[PDB]
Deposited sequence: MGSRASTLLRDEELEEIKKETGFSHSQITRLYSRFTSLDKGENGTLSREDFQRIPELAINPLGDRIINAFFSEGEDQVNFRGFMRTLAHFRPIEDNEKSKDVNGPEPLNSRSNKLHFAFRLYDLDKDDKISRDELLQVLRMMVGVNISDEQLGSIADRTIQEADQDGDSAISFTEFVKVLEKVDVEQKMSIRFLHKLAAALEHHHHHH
């Protein structure tokens, strides 16, 4: 059972209401198959909405900090705070875009390489996008973001290229809004 001081601190750290947090704890609780107060990666497969998504494994893996194979409710709620609709909080443009950047930056060297970009594109596009056109999408996308000529995208570049775009209305970002709502509801 979630203690009230725990609930008040989450509320302040994350921006979820008392009510939202209570609902998410119950979802946390139903997902905890080992009844040990934490979730493993495999536990996240019982969120089929997440798991079936093309970036599912990546989104899930992102709940786990380096070295750790179990996430607690606090860790869980902190990650979800990145997914909240805007309305520096954890759902700020920067924090939210950093979560997204992290989906692409598989080796965590803080740059998206051409290959890393290709791997996400291959996961997301439809049946009729050719390997050739994949190369051109990856190259143009790098071209548009790259301002220091390393042919890789840094976080600043990733953010810059979206500086005057409404991130909040992007489909992938709206997935995250939807996910957080469905976990709660």
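Gaps between the deposited sequence and the modelled coordinates occur at 1 to 7, 95 to 105, 204 to 208, listed in sequence order.
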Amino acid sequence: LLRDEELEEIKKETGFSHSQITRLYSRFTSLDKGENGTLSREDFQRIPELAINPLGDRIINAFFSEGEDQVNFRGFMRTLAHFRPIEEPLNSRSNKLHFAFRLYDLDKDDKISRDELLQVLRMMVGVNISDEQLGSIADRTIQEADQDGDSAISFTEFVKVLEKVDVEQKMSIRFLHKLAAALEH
From here on, numbers count along this sequence of modelled residues.
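For residue 54, the recorded CA temperature factor ranks within the middle third of the chain's modelled residues. For residue 103, the recorded CA temperature factor ranks within the lowest third of the chain's modelled residues. Ranked against the other modelled residues of its chain, the C-alpha B-factor of residue 126 as given in the entry falls in the middle third. When the CA B factors of the chain's modelled residues are split into thirds, the value for residue 43 lands in the lowest one. Per the deposited record, the Cα B-factor of residue 71 falls in the middle third when ranked against the other modelled residues of its chain.
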